[PDB]
>>> print(open('model02.csv').read())   # CSV, C-alpha atoms
chain,number,residue,atom,x,y,z
A,30,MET,CA,-10.0,2.7,-21.2
A,31,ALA,CA,-10.7,5.7,-18.9
A,32,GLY,CA,-8.0,7.5,-16.8
A,33,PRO,CA,-4.2,7.1,-16.9
A,34,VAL,CA,-2.1,4.0,-17.8
A,35,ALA,CA,-1.9,1.6,-14.7
A,36,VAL,CA,1.3,2.0,-12.7
A,37,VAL,CA,3.8,-0.9,-13.3
A,38,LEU,CA,4.9,-2.4,-9.8
A,39,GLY,CA,7.2,-5.1,-11.1
A,40,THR,CA,8.1,-7.6,-8.3
A,41,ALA,CA,6.8,-5.1,-5.7
A,42,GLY,CA,3.4,-6.4,-7.0
A,43,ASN,CA,4.2,-9.8,-5.4
A,44,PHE,CA,3.9,-8.3,-1.9
A,45,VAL,CA,1.0,-6.9,0.1
A,46,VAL,CA,3.3,-5.3,2.7
A,47,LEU,CA,6.8,-4.1,1.6
A,48,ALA,CA,9.0,-1.8,3.7
A,49,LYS,CA,12.6,-0.6,3.8
A,50,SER,CA,13.0,0.1,7.6
A,51,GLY,CA,10.4,-2.3,9.3
A,52,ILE,CA,7.0,-3.9,9.7
A,53,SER,CA,5.4,-3.9,13.2
A,54,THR,CA,2.1,-5.5,14.4
A,55,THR,CA,0.1,-5.6,17.6
A,56,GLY,CA,-3.2,-7.4,18.4
A,57,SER,CA,-5.3,-9.6,16.0
A,58,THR,CA,-3.6,-8.7,12.7
A,59,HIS,CA,-4.2,-10.9,9.6
A,60,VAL,CA,-2.3,-10.5,6.4
A,61,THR,CA,-3.3,-12.3,3.2
A,62,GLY,CA,-0.2,-12.4,0.9
A,63,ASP,CA,3.6,-12.1,1.3
A,64,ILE,CA,5.4,-9.4,3.3
A,65,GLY,CA,9.1,-8.3,3.2
A,66,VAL,CA,11.7,-5.8,4.4
A,67,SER,CA,14.9,-4.7,2.7
A,68,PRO,CA,17.5,-3.4,3.3
A,69,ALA,CA,16.5,-3.9,7.0
A,70,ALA,CA,16.9,-7.4,8.5
A,71,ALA,CA,14.2,-9.7,9.8
A,72,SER,CA,14.8,-8.2,13.4
A,73,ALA,CA,12.9,-5.1,12.0
A,74,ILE,CA,9.8,-7.3,11.5
A,75,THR,CA,8.3,-7.3,15.0
A,76,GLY,CA,5.2,-8.9,16.6
A,77,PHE,CA,4.8,-11.6,13.9
A,78,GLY,CA,6.6,-14.6,15.7
A,79,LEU,CA,8.7,-15.7,12.6
A,80,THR,CA,9.8,-19.3,12.1
A,81,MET,CA,12.5,-19.9,9.5
A,82,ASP,CA,11.8,-22.4,6.7
A,83,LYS,CA,14.5,-25.2,6.5
A,84,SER,CA,15.6,-23.4,3.3
A,85,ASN,CA,16.4,-20.3,5.3
A,86,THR,CA,15.0,-18.3,2.3
A,87,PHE,CA,11.7,-17.3,4.1
A,88,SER,CA,9.9,-17.5,7.4
A,89,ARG,CA,6.3,-18.3,8.3
A,90,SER,CA,4.0,-16.3,10.8
A,91,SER,CA,0.7,-17.2,12.5
A,92,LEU,CA,-0.5,-13.8,11.2
A,93,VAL,CA,0.5,-14.2,7.5
A,94,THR,CA,-1.2,-16.5,4.9
A,95,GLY,CA,1.9,-16.3,2.7
A,96,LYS,CA,5.6,-16.0,3.3
A,97,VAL,CA,7.9,-13.5,5.1
A,98,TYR,CA,11.1,-12.3,3.5
A,99,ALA,CA,14.0,-10.2,4.7
A,100,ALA,CA,17.3,-8.9,3.4
A,101,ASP,CA,19.4,-11.1,5.8
A,102,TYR,CA,17.7,-14.4,4.6
A,103,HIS,CA,19.6,-16.9,2.3
A,104,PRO,CA,20.0,-16.6,-1.4
A,105,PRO,CA,18.2,-15.9,-3.6
A,106,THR,CA,16.1,-13.8,-1.1
A,107,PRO,CA,18.6,-10.8,-0.7
A,108,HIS,CA,18.6,-10.3,-4.5
A,109,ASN,CA,14.9,-10.8,-4.9
A,110,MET,CA,14.2,-8.2,-2.1
A,111,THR,CA,16.7,-5.7,-3.6
A,112,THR,CA,14.8,-6.1,-7.0
A,113,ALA,CA,11.4,-5.7,-5.2
A,114,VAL,CA,12.4,-2.6,-3.3
A,115,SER,CA,14.0,-1.0,-6.5
A,116,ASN,CA,10.7,-1.8,-8.3
A,117,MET,CA,8.8,-0.1,-5.5
A,118,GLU,CA,11.0,3.0,-5.7
A,119,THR,CA,10.5,3.0,-9.6
A,120,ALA,CA,6.7,2.7,-9.2
A,121,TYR,CA,6.6,5.5,-6.6
A,122,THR,CA,8.5,7.9,-8.9
A,123,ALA,CA,6.6,6.8,-12.0
A,124,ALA,CA,3.2,7.3,-10.2
A,125,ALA,CA,4.4,10.8,-8.9
A,126,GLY,CA,5.5,11.7,-12.4
A,127,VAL,CA,2.3,10.8,-14.4
A,128,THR,CA,1.2,13.9,-16.5
A,129,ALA,CA,-1.6,12.5,-18.7
A,130,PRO,CA,-4.5,12.8,-18.9
A,131,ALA,CA,-4.5,16.4,-17.5
A,132,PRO,CA,-4.7,16.0,-13.7
A,133,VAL,CA,-7.5,17.5,-11.6
A,134,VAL,CA,-5.7,19.8,-9.1
A,135,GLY,CA,-6.8,20.4,-5.5
A,136,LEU,CA,-10.2,18.5,-5.6
A,137,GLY,CA,-12.2,19.4,-2.5
A,138,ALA,CA,-9.1,21.5,-1.3
A,139,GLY,CA,-7.9,18.1,0.0
A,140,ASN,CA,-11.2,17.0,1.6
A,141,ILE,CA,-12.7,14.3,-0.7
A,142,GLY,CA,-15.3,13.1,1.9
A,143,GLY,CA,-18.6,12.2,0.3
A,144,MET,CA,-17.4,12.6,-3.3
A,145,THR,CA,-17.9,10.2,-6.2
A,146,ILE,CA,-14.6,10.2,-8.2
A,147,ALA,CA,-14.3,9.2,-11.9
A,148,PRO,CA,-11.2,7.5,-13.3
A,149,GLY,CA,-8.4,10.1,-13.7
A,150,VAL,CA,-5.2,11.6,-12.3
A,151,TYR,CA,-5.8,13.7,-9.1
A,152,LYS,CA,-3.0,15.9,-7.7
A,153,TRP,CA,-2.7,17.8,-4.4
A,154,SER,CA,0.1,20.0,-3.0
A,155,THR,CA,-1.7,19.7,0.3
A,156,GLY,CA,-2.6,16.5,2.3
A,157,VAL,CA,-5.8,14.6,1.6
A,158,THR,CA,-8.5,13.8,4.1
A,159,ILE,CA,-11.4,11.3,3.8
A,160,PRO,CA,-13.7,12.4,6.8
A,161,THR,CA,-16.7,10.6,5.3
A,162,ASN,CA,-17.0,7.7,2.8
A,163,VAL,CA,-15.6,8.4,-0.7
A,164,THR,CA,-16.7,6.5,-3.8
A,165,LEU,CA,-14.5,5.6,-6.8
A,166,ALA,CA,-16.9,4.9,-9.7
A,167,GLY,CA,-15.7,3.4,-13.0
A,168,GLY,CA,-15.2,0.1,-15.0
A,169,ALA,CA,-13.2,-3.0,-14.4
A,170,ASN,CA,-10.2,-1.7,-16.5
A,171,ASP,CA,-10.4,2.0,-15.4
A,172,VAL,CA,-7.5,3.5,-13.4
A,173,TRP,CA,-7.2,6.1,-10.7
A,174,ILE,CA,-3.8,7.7,-9.7
A,175,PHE,CA,-3.8,10.0,-6.7
A,176,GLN,CA,-0.7,12.2,-6.3
A,177,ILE,CA,-0.4,13.6,-2.7
A,178,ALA,CA,2.5,15.9,-1.7
A,179,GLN,CA,1.8,15.7,2.1
A,180,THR,CA,-0.3,13.3,4.3
A,181,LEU,CA,-3.2,10.9,3.5
A,182,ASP,CA,-5.8,10.2,6.2
A,183,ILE,CA,-9.0,8.3,6.2
A,184,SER,CA,-11.2,8.9,9.4
A,185,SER,CA,-12.4,6.2,11.8
A,186,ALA,CA,-15.1,3.9,10.3
A,187,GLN,CA,-15.0,5.6,6.8
A,188,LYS,CA,-14.4,3.8,3.6
A,189,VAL,CA,-13.2,4.0,0.0
A,190,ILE,CA,-16.2,2.5,-1.7
A,191,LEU,CA,-15.8,0.9,-5.2
A,192,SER,CA,-18.7,1.0,-7.7
A,193,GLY,CA,-19.3,0.2,-11.4
A,194,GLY,CA,-16.5,-2.5,-11.7
A,195,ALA,CA,-13.7,-0.4,-10.1
A,196,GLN,CA,-10.9,-2.8,-8.9
A,197,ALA,CA,-8.4,-2.1,-6.1
A,198,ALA,CA,-5.6,-3.4,-8.4
A,199,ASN,CA,-6.2,-0.4,-10.7
A,200,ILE,CA,-6.2,2.3,-7.9
A,201,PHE,CA,-2.8,3.9,-7.0
A,202,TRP,CA,-2.2,6.3,-4.1
A,203,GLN,CA,1.2,8.1,-4.4
A,204,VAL,CA,1.9,9.8,-1.0
A,205,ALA,CA,5.0,11.7,0.0
A,206,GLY,CA,4.0,12.1,3.7
A,207,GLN,CA,2.6,9.5,6.1
A,208,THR,CA,-0.6,7.6,5.3
A,209,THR,CA,-2.8,6.9,8.3
A,210,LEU,CA,-5.8,4.5,8.1
A,211,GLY,CA,-8.1,5.4,11.0
A,212,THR,CA,-9.7,2.9,13.4
A,213,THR,CA,-12.1,0.5,11.6
A,214,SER,CA,-11.6,2.3,8.2
A,215,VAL,CA,-11.8,0.3,4.9
A,216,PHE,CA,-9.3,1.3,2.2
A,217,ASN,CA,-8.9,0.1,-1.4
A,218,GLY,CA,-5.8,0.5,-3.6
A,219,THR,CA,-2.0,0.2,-3.7
A,220,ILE,CA,-0.3,2.7,-1.4
A,221,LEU,CA,3.1,3.9,-2.7
A,222,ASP,CA,4.4,5.9,0.3
A,223,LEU,CA,7.7,7.7,0.7
A,224,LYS,CA,7.1,7.6,4.5
A,225,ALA,CA,5.2,5.4,7.0
A,226,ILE,CA,1.9,3.6,6.3
A,227,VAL,CA,0.1,3.3,9.7
A,228,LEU,CA,-3.0,1.1,10.2
A,229,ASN,CA,-4.8,2.1,13.4
A,230,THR,CA,-7.0,-0.4,15.4
A,231,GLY,CA,-9.1,-2.7,13.2
A,232,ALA,CA,-8.4,-0.9,9.9
A,233,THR,CA,-8.7,-3.0,6.6
A,234,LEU,CA,-6.6,-2.5,3.5
A,235,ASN,CA,-7.6,-4.2,0.3
A,236,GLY,CA,-4.5,-3.8,-2.0
A,237,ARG,CA,-0.9,-3.2,-0.9
A,238,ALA,CA,1.1,-1.2,1.6
A,239,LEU,CA,4.5,-0.3,-0.2
A,240,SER,CA,6.5,2.0,2.1
A,241,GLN,CA,10.0,3.4,1.8
A,242,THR,CA,10.1,3.5,5.6
A,243,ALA,CA,7.9,1.4,8.0
A,244,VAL,CA,4.5,-0.1,8.0
A,245,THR,CA,2.6,-0.5,11.3
A,246,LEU,CA,-0.5,-2.7,11.8
A,247,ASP,CA,-2.7,-2.6,14.9
A,248,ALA,CA,-5.2,-5.5,14.9
A,249,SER,CA,-5.5,-4.7,11.1
A,250,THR,CA,-6.5,-6.7,8.0
A,251,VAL,CA,-4.3,-6.5,4.9
A,252,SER,CA,-5.4,-8.4,1.8
A,253,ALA,CA,-4.4,-8.7,-1.9
A,254,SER,CA,-7.3,-8.3,-4.4
>>> encode(input="model02.csv", output="structure tokens")
Amino acid sequence: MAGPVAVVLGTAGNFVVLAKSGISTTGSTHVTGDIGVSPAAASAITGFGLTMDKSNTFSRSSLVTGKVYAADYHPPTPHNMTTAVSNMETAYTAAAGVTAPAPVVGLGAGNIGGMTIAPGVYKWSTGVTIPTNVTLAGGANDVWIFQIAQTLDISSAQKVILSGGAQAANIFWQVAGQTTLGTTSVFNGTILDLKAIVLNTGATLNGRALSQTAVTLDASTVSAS
């Protein structure tokens, strides 16, 4: 009802971590959902201790509640991963291209720390920083699309707070540079990144990390919403 139309993820929506060049973990990581890489092979998934299913279509990890997929697994996984990664590229470009309603440009000159942000399209030609908690306030069906030309950072122990009914499933962060989630930060939404998504020690992501390069997790928590 308020803000832009929600970004369509297609089968990229079936993953909580999706990458083209790799996924790496160290420490006490815990992922709730499915993860996958393509066109990289399973060797580009590191630190997860993968065990192939007898089908050879997926693997299981002690750090993943769901399934692990990779481009070198048995049919139909290669085709399904090609479709997911194409759907991720489509979503990235769709999100970057949203024009309506009229975007707010350069909010906070890139520093949105301490703000309360209504449903809408927000665009920066700069990077964005979150040095102190930011609140996204709106209803259960309201949408936020963030369009970021450079880096996205949230500082150590800061959060994206949701209020009013705001749901992580309706919050899209389109980022052309690296996204870094600082130590012990709490982040909400689907990250559509052209470059790396890096979760520093003990960071939490409620939503999805959808990278066209690599995702790194350091004792981090990733969970679908």
>>> closest_residue(input="model02.csv", among="A:215, A:123, A:246, A:31", to="residue 167 of chain A", atoms="all atoms listed in the file")
A:31
>>> residues_around(input="model02.csv", residues="residue 204 of chain A", least_positions_apart="4", cutoff="7 Å", atoms="all atoms listed in the file", output="ChimeraX atom specification")
/A:176-181,221-223
>>> write_last_selection(input="model02.csv", atoms="C-alpha atoms", output="PDB file, in the frame of the given file")
ATOM      1  CA  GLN A 176      -0.700  12.200  -6.300  1.00  0.00           C
ATOM      2  CA  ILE A 177      -0.400  13.600  -2.700  1.00  0.00           C
ATOM      3  CA  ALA A 178       2.500  15.900  -1.700  1.00  0.00           C
ATOM      4  CA  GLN A 179       1.800  15.700   2.100  1.00  0.00           C
ATOM      5  CA  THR A 180      -0.300  13.300   4.300  1.00  0.00           C
ATOM      6  CA  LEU A 181      -3.200  10.900   3.500  1.00  0.00           C
ATOM      7  CA  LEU A 221       3.100   3.900  -2.700  1.00  0.00           C
ATOM      8  CA  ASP A 222       4.400   5.900   0.300  1.00  0.00           C
ATOM      9  CA  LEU A 223       7.700   7.700   0.700  1.00  0.00           C
TER      10      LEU A 223
END
>>> closest_atom_pairs(input="model02.csv", of="segment 203-242 of chain A", to="segment 48-70 of chain A", cutoff="9 Å", atoms="all atoms listed in the file", output="tab-separated table")
residue	atom	partner	partner_atom	distance
A:225	CA	A:48	CA	8.8
A:230	CA	A:56	CA	8.5
A:231	CA	A:58	CA	8.2
A:238	CA	A:48	CA	8.2
A:239	CA	A:48	CA	6.1
A:240	CA	A:48	CA	4.8
A:241	CA	A:49	CA	5.2
A:242	CA	A:50	CA	4.9
>>> atom_distance(input="model02.csv", atom1="atom CA of residue 229 of chain A", atom2="atom CA of residue 119 of chain A")
27.6 Å
>>> closest_residue(input="model02.csv", among="A:248, A:205, A:190, A:127", to="residue 233 of chain A", atoms="only C-alpha atoms")
A:248
>>> residues_around(input="model02.csv", residues="residue 109 of chain A", least_positions_apart="6", cutoff="10 Å", atoms="all atoms listed in the file", output="PyMOL selection string")
chain A and resi 40-41+67+98-100+115
>>> atom_distance(input="model02.csv", atom1="atom CA of residue 142 of chain A", atom2="atom CA of residue 188 of chain A")
9.5 Å
>>> residues_around(input="model02.csv", residues="residue 150 of chain A", least_positions_apart="3", cutoff="7 Å", atoms="only C-alpha atoms", output="PyMOL selection string")
chain A and resi 32-33+130+132-133+173-175
>>> closest_residue(input="model02.csv", among="A:97, A:163, A:146, A:200", to="residue 186 of chain A", atoms="all atoms listed in the file")
A:163
>>> closest_residue(input="model02.csv", among="A:89, A:35, A:159, A:145", to="residue 172 of chain A", atoms="only C-alpha atoms")
A:35
>>> closest_residue(input="model02.csv", among="A:164, A:116, A:254, A:214", to="residue 198 of chain A", atoms="all atoms listed in the file")
A:254
>>> atom_distance(input="model02.csv", atom1="atom CA of residue 192 of chain A", atom2="atom CA of residue 165 of chain A")
6.3 Å
>>> closest_residue(input="model02.csv", among="A:162, A:226, A:235, A:128", to="residue 47 of chain A", atoms="only C-alpha atoms")
A:226
>>> decode(input="model02.csv", residues="segment 100-117 of chain A", atoms="N, CA and C atoms", output="mmCIF file, in the first residue's frame")
data_model
loop_
_atom_site.group_PDB
_atom_site.id
_atom_site.type_symbol
_atom_site.label_atom_id
_atom_site.label_comp_id
_atom_site.auth_asym_id
_atom_site.auth_seq_id
_atom_site.Cartn_x
_atom_site.Cartn_y
_atom_site.Cartn_z
ATOM 1 N N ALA A 100 26.943 -25.790 -8.391
ATOM 2 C CA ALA A 100 26.845 -25.934 -9.869
ATOM 3 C C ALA A 100 27.329 -27.326 -10.337
ATOM 4 N N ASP A 101 28.249 -27.968 -9.603
ATOM 5 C CA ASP A 101 28.869 -29.269 -9.998
ATOM 6 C C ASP A 101 28.084 -30.452 -9.432
ATOM 7 N N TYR A 102 26.953 -30.226 -8.746
ATOM 8 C CA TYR A 102 26.102 -31.330 -8.239
ATOM 9 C C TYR A 102 25.319 -31.950 -9.407
ATOM 10 N N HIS A 103 24.656 -33.065 -9.124
ATOM 11 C CA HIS A 103 23.891 -33.849 -10.129
ATOM 12 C C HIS A 103 22.580 -33.173 -10.501
ATOM 13 N N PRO A 104 22.168 -33.312 -11.777
ATOM 14 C CA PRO A 104 20.848 -32.868 -12.232
ATOM 15 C C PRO A 104 19.696 -33.253 -11.314
ATOM 16 N N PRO A 105 18.724 -32.359 -11.052
ATOM 17 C CA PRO A 105 18.582 -31.087 -11.773
ATOM 18 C C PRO A 105 19.271 -29.861 -11.138
ATOM 19 N N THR A 106 20.200 -30.061 -10.192
ATOM 20 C CA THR A 106 20.801 -28.933 -9.427
ATOM 21 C C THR A 106 21.490 -27.911 -10.348
ATOM 22 N N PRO A 107 22.343 -28.288 -11.329
ATOM 23 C CA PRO A 107 22.998 -27.286 -12.181
ATOM 24 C C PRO A 107 21.969 -26.347 -12.833
ATOM 25 N N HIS A 108 20.881 -26.903 -13.357
ATOM 26 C CA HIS A 108 19.839 -26.093 -14.042
ATOM 27 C C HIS A 108 19.142 -25.199 -13.010
ATOM 28 N N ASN A 109 18.803 -25.765 -11.864
ATOM 29 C CA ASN A 109 18.084 -25.013 -10.815
ATOM 30 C C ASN A 109 18.990 -23.880 -10.348
ATOM 31 N N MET A 110 20.314 -24.110 -10.225
ATOM 32 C CA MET A 110 21.216 -23.054 -9.725
ATOM 33 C C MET A 110 21.414 -21.993 -10.800
ATOM 34 N N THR A 111 21.477 -22.380 -12.081
ATOM 35 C CA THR A 111 21.559 -21.394 -13.188
ATOM 36 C C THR A 111 20.339 -20.472 -13.154
ATOM 37 N N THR A 112 19.152 -21.033 -13.000
ATOM 38 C CA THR A 112 17.872 -20.290 -12.898
ATOM 39 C C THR A 112 17.916 -19.371 -11.667
ATOM 40 N N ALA A 113 18.304 -19.872 -10.488
ATOM 41 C CA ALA A 113 18.358 -19.011 -9.276
ATOM 42 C C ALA A 113 19.311 -17.826 -9.487
ATOM 43 N N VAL A 114 20.507 -18.059 -10.003
ATOM 44 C CA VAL A 114 21.517 -16.987 -10.150
ATOM 45 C C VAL A 114 21.016 -15.987 -11.207
ATOM 46 N N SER A 115 20.404 -16.445 -12.308
ATOM 47 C CA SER A 115 19.772 -15.519 -13.295
ATOM 48 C C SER A 115 18.681 -14.688 -12.619
ATOM 49 N N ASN A 116 17.835 -15.318 -11.811
ATOM 50 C CA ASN A 116 16.742 -14.626 -11.087
ATOM 51 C C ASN A 116 17.349 -13.615 -10.106
ATOM 52 N N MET A 117 18.492 -13.905 -9.489
ATOM 53 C CA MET A 117 19.200 -12.956 -8.598
ATOM 54 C C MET A 117 19.677 -11.768 -9.441
#
